[PDB]
Amino acid sequence: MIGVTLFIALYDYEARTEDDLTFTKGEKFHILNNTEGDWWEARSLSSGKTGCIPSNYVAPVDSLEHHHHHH
């Protein structure tokens, strides 16, 4: 969806609190709230669950894709 940034997990993460998400590397996310800074609220596109993730464990998918001019 245009205007919505897709994120991908670069590492596995086991939930450390009741509000954390557990996820595996490659998992896709939408970010819902980034105000905590080091922790972001996200919704997992794999499980449909919502919770906190470490902000440094994910990256925008568009940052990691190969781009070519002609489309």
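Residues numbered from 1 in each chain as written, not as in the entry; some residues may be left out. Heavy atoms only, no water. Residues with missing side-chain atoms left out of burial classes, pairs and counts.

- Judging from the entry metadata, X-ray crystallography is the method by which this structure was determined, and 1.9300 Å is the reported resolution.

**Focus: the sheet that holds strand β4 (residues 50–54)**
Okay, so step 1: Taken in spatial order, the five strands line up as β4-β3-β2-β1-β5 in an open sheet, and their pairing is antiparallel. A strand with exactly one partner marks an edge of an open sheet, and here the two such strands are β4 and β5 (58–60). Averaged over neighbouring strand pairs, the angle between their axes works out to 50° when direction is ignored.
Okay, so step 2: Across three bridges, the pairing between strand β1 (residues 7–9) and β5 is antiparallel. Residue pairing in the sheet places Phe7 in a bridge with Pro60 of β5. (Pairing = 2+ DSSP bridges. Helix = DSSP H or I, 4+ residues; strand = E, 2+ residues; numbered from the N terminus. Axes fitted to C-alpha atoms, helices over the stretch in contact; angles between N-to-C directions.)

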